[PDB]
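Only one chain is given next, in structure tokens, and it is the form deposited in one PDB entry.
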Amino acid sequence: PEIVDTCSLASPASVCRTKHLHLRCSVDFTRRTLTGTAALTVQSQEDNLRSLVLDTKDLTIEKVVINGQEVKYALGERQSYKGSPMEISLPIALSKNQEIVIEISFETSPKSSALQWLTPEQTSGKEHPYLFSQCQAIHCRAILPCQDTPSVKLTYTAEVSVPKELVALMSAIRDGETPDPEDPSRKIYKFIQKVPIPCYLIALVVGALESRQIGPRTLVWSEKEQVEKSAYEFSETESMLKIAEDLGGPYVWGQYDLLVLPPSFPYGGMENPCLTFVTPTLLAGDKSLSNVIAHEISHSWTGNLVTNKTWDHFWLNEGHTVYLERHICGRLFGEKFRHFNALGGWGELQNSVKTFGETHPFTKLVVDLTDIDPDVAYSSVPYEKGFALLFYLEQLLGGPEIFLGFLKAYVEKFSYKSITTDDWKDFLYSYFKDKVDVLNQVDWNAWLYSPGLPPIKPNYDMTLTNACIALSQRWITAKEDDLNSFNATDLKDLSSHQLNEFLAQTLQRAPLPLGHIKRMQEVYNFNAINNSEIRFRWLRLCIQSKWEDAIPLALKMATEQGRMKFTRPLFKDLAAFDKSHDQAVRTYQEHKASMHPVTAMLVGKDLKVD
């Protein structure tokens, strides 16, 4: 029938569709508000459309103007994490394809779940405040009224007035800046996004930003203190974009800038169009965490051009993006490395399945988010079970070259559209019309709808994994007479990627005896490594193995940065260790007011506080 976006309270795409957004607002750090008007050009999809519903969350609505006049509107009661529905009465009944512009004057709440307002003390420079948004999945409604569903795509133009000493950037092409004629001291930045996008891709950052150009269509932005390191770390960006274009077809967004956010940014990155956001935890100093950049770049095709129609089909966004990500890395560092990463991904899937449990509905590839807060369901499953399905199909259908042909055709077929798993599978059969018999060998029901690990495991090259297995198994099975023989020389020919995999394998078998972990630090000096992925896994292993010396290190890492991938598991391990439990809870309570709103909520749920 009709696919329903169970995370939105707005009129569905089958009733009306927002085609354009014109945003005029001002950022006020003193009151922690964004105030302005949202001009929505809406297209009816039915005859006699007299009213529509938009999503909003903690928004103050002053008025709604249609054709210069103020119109009637009502706000329903709040529906938990979904916000409150906003019904707007149209002064004229619209018929199919007729359009109307609705201008809504609104003001965001300082507690907006889409935004994090940082005091100057929270920034690198200590002299200016900072602001950044994160709308995916459903927080756009916490910034402005909209049909907050990925099934709707719109273009947008924006004008943002900020303290003249600060810079504003958006998920759009920079369209110049000028003094705010209205009231000086403030400056106005203009933006234009001509490619239709789902509203979760609307992004804004305001702060003391500086840039460094690192490619013909790439500038790196961050506070002054991080510019140089960021410019160094992400130097391979243009080369990855060229590979991605070869894999997915032309890059259509124009600019591909990067913004290195403050430590509290909740994700590794966010594929905001024209301006990817990345965590500063990627600044390892050796470009080793660049797969995250390859990943956000890939989203420019899978996710931003071809978009999941509802969050129940989120794997379409992530599985294909991880698949592309790994091909980019394989083009740059070798097919063996692609397989090494693919296998590590299967290990992360094992971990997620174990955490949730093999019968947990959240381990299905296609999920049902009815009455489920997306932020709560988020996990590695759509990334890794989705990637595994695509990798398995690649092997079943003839190899990477053949499957990549499908990927490029898929992107072209559904560019600028929002689709479901059935659209994807129906096209796969259409593309592989000469291999229907092979496609019919796939246990689709299990892959798409069953919980747990996939029904079949792909084949993986083992070249780079073998040394990690050997070393991890030696530690897992080590006895007293083996401790003196481990030596720093064991790490001699291991890349940071392999050290991380070694730790991941060892962590799957934690706890290790306390004496064994103490010995590991003595011989490998992992406390000295600052690569966040490695430090994260090493501290988890230490805490899970009951080393009290590691408590302050883990509490430090969990609070000095806020990438949820790290912060949530660290607090969770600290809460599970009897020795650090009270300190973990007190540390969270002491820091929650200064944390990102979504991270604060999830860690509180994880710690069972309140």
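A residue's number is simply how far along the shown sequence it sits, counting from 1.
What comes next is about the form solved in complex with a small molecule, which is not displayed.
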(request) Can you check 578-586, 48-56, 65-73, 25-33 and let me know which stretch has heavy atoms within 4.5 Å of the small molecule in the deposited bound form? (result) 25-33
(message) If the cut-off is 4.5 angstroms on heavy atoms, which of these, 394, 257, 423, 180, is the one near the small molecule in the deposited bound form?
(response) 180
(message) I need to confirm a contact call. Of 206, 86, 195, 188, which residue comes within 4.5 Å of the small molecule in the deposited bound form, counting heavy atoms only?
(response) 188
(request) Indicate whether residue 531 is a 4.5 Å heavy atom neighbour of the small molecule in the deposited bound form. (result) no
(request) Would you please decide whether residue 264 lies within 4.5 angstroms of the small molecule in the deposited bound form, comparing each non-hydrogen atom pair? (result) no
(message) Considering non-hydrogen atoms and a 4.5 Å limit, does the small molecule approach residue 226 in the deposited bound form?
(response) no
(request) Decide whether residue 161 counts as a contact residue for the small molecule in the deposited bound form under a heavy atom distance cut-off of 4.5 Å. (result) yes
